[PDB]
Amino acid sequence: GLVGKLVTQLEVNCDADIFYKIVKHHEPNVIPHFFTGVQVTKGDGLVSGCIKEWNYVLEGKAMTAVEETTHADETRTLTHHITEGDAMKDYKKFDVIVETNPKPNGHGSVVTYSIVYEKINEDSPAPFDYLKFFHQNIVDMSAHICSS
């Protein structure tokens, strides 16, 4: 079993469009990390995404990744496409999709982080360490937001 998807989904008490705009422009200073890179424009000169080389520590180990980020405001979706780095030692493909939708309910939101992956071989782990990291990051972010 080489192709798979891991998901964490969380309910948040926040309008979906508002929350998407917050996620779009905000990424946990206690965790060691920084990036360098560039922004990407669409042709009208407005930034449409970015390409970042990250340096970060995951479960104690220093790592690097190169990620291209795109967004879809119409569907409140952010897509992170990893092309290089430590994760590519385990995965042929590694993409992180973040979606925010109103609860069928109506008022609050459901945020979904999906990691869509293809392992290099059967001996590769599934990216549970990344899922927990992304989960804790969005829980941390959401805990700094309140009504009104």
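Residues carry their position along the shown sequence, with the first being 1.
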At least a third of the other entries leave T83 unmodelled: no
Missing-residue flag, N105, threshold a third of other entries: yes
Gap size, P28 back to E27 (deposited sequence, no coordinates): 1 to 3
Mean C-alpha temperature factor, higher of 12-20 and 127-135: 12-20
47-55 or 101-109, whichever carries the higher mean Cα B-factor: 101-109
Chain-relative CA temperature factor third for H33: highest
Assigned third (lowest, middle, highest) for the C-alpha B factor of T69: lowest
Entry-reported Cα temperature factor of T79, expressed as the chain third it lands in: lowest
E122 - Cα temperature factor, lowest/middle/highest third of chain: highest
Ranked C-alpha temperature factor of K42 among modelled chain residues, by third: highest
